[PDB]
Amino acid sequence: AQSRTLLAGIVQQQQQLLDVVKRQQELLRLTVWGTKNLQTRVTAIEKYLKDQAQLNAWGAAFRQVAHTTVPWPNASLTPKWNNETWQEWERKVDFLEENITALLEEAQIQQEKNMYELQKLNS
Amino acid sequence: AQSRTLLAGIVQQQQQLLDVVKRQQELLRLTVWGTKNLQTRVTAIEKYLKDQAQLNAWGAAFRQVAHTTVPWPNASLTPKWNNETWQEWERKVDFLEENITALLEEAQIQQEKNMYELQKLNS
Amino acid sequence: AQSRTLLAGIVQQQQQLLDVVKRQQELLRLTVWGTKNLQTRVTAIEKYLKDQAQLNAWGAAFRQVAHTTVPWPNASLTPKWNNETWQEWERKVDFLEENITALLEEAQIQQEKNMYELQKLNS
């Protein structure tokens with residue numbers, strides 16, 4: 001009269017939830033790439049923005065032997081303040097990412113053991 | 001002496017976990033929009049960056065009947081290399097998104113069936 | 001002959017799944033910061049882009065007592081259309097975030113109660 005069949009359905013339900021959780025992890029990685037990808041496009045713009053500073057006045061002198069060049073900075077590059085903070089952000093994801101993989105590994109081992117014990121009850 | 005009540009609590013717990021998983025899916029969609037939204041702002045800037053290239057020298061000639069115009073490219077537009085790669089990124093999310101919805105549908109059907117069988121045991 | 005030990009493994013498995021779900025929430029917050037962080041870099045560029053509009057022609061007049069200044073807008077700033085829509089986006093995350101925390105709190109209370117009842121069965 002034991003509800004072993006009910007447990008078989010419940011054990012299967014947990015396995016399905018674990019799979020969806022794993023799918024979220026892969027989807028999260030794709031979203032992270034988009035953020036990093038945007039930075040790459042931004043860096044290209046920074047090189048072009050510096051060029052705009054170089055553009056100042058062409059032929060602005062036809063009665064003098066001099067050229068006015070004013071390459072005033074344009075793109076504010078982050079060397080330590082924003083760059084250092086970004087590294088901290090990436091490191092936090094790494095620690096959380098490692099913990100998630102560890103729990104998933106333990107869940108998989110425990111999930112298989114629960115199904116294994118269930119089979120012995122009604123093998 | 002069967003622990004049917006305990007199972008009722010366990011079955012309910014799985015339902016709550018499924019709901020949170022669904023909430024993460026909707027939250028993920030909001031984050032994806034932010035990434036796409038940033039690109040839209042960037043495209044507007046690209047149109048303005050091209051205009052800066054047009055700006056070169058105004059009135060830089062009052063003793064000549066000519067104007068120096070130097071519209072050197074400014075924003076590097078991605079037509080195939082980055083655009084094609086981005087499409088691959090969106091497609092991967094679609095495949096994972098479809099799989100997540102499929103598992104959720106199966107989980108909902110299985111979740112209701114588990115509760116249904118439980119009611120028959122003590123209906 | 002009750003499978004209380006099997007239930008102990010199943011109850012533990014749900015607890016592990018809850019922890020991974022919580023890890024995803026913290027990871028999601030880190031991803032949200034990256035999107036907001038990119039906007040901050042963009043705002044800095046907008047101030048520099050306005051400066052490029054100021055750059056027009058230096059010394060483009062050595063036979064006239066006038067200077068041609070053309071500060072044509074460069075960065076299109078969003079005051080109500082995009083800004084208002086962004087607020088709606090943040091609000092949606094808040095509602096979903098609150099619901100996720102509420103379910104997690106209820107799951108934790110229910111999770112502990114399920115383990116507590118299990119101990120009484122075999123305390």
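Take each residue in A:59-67, count the other chain C-beta atoms within 10 Å of its C-beta, and the mean is 5. Between 0 and 90 degrees, the angle of helix B:4-54 with respect to the longest Cα principal axis of chain B falls at about 10 degrees. One residue of chain C places its C-beta nearer than any other to the axis carrying C onto B; that residue and its whole-Å distance are C:60, 2. Placing dummy labels 7 Å off each Cα toward the beta-carbon, the span from residue B:5 to residue B:113 is 2.9 nm. With a simple spin-label model that places each label point 7 Å from the Cα along the Cα-to-Cβ direction, the separation between residue B:39 and residue C:91 comes to 2.7 nm. When both segment B:1-20 and segment C:1-63 are represented by their alpha-carbon centers, they are found 34 Å apart. Relative to the longest principal axis of the Cα atoms of chain C, the long axis of helix C:81-121 makes an angle of roughly 20 degrees. Each residue of segment B:61-75 is assigned a 3J(HN,Hα), and the resulting list reads 7, 10, 9, 8, 9, 8, 10, 8, 10, 10, x, 5, x, 10, 8 Hz, derived from the Karplus form 6.51 cos²θ - 1.76 cosθ + 1.60 (θ = phi - 60°), x at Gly and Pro. For the protein assembly as shown, a simple Cβ point-charge model (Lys and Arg +1, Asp and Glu -1, everything else neutral) yields a dipole of about 1220 debye relative to the Cα centre. How high is the relative contact order of chain B? Use alpha-carbon pairs under 8 Å, at least six apart in sequence, and give a whole percent. Value for chain B: 29 percent.
As a rough guide to protection, the peptides C:67-79, B:6-18 ranked by mean Cβ packing within 10 Å, highest first, stand as B:6-18, C:67-79.
Place +1 on the Cβ of every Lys and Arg and -1 on the Cβ of every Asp and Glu in the protein assembly as shown, take the dipole about the Cα centre, and give the residue among A:48, B:6, B:81 whose Cα lies farthest towards its positive end. It is A:48, whose Cα lies furthest towards the positive end. Over chain B, all Cα pairs binned in 10 Å intervals from 0 give whole-percent P(r) values of 10, 22, 18, 14, 12, 9, 7, 5, 3, 1, 0, listed from short to long. For residue B:119, the label point sits 7 Å beyond Cα toward Cβ; its separations from the matching points on the remaining copies run 3.4, 3.4 nm, from shortest to longest. Helix-only arithmetic for chain A: the sum of -39500 (n - 2.57) across DSSP H runs with n ≥ 4, divided by the residue total, places the mean residue ellipticity at 222 nm at -28000 deg cm²/dmol. Name the shape class, rounded, prolate or oblate, that the alpha-carbon gyration tensor gives for the protein assembly as shown, where a ≥ b ≥ c are the square roots of its eigenvalues, rounded holds for a/c under 1.5, and otherwise prolate holds if a/b is larger than b/c and oblate otherwise. Note, shape of the protein assembly as shown comes out prolate.
What separates the residue C:62 label point from its copies, with the point 7 Å along Cα to Cβ, is 1.2, 1.2 nm, written shortest first. Loop-located trypsin sites (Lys or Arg not before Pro) in segment A:37-123 (DSSP state not H, G, I, E or B) with no more than 16 neighbouring Cβ atoms inside 10 Å: A:63, A:80.
Within 10 Å of each Cβ in B:38-46, how many Cβ atoms from other chains are there, averaged over the peptide? Mean inter-chain Cβ contacts per residue within 10 Å come to 5. Restricting segment B:6-106 to chymotrypsin sites (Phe, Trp or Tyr not before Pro) that sit in a DSSP loop and have at most 14 other Cβ atoms within 10 Å of their own Cβ leaves B:62.
No value in this document is a laboratory result; all are computed from the given coordinates. Because the Cβ atoms are built from the backbone with ideal geometry, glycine has one as well, and the counts that use them run over all protein chains shown.
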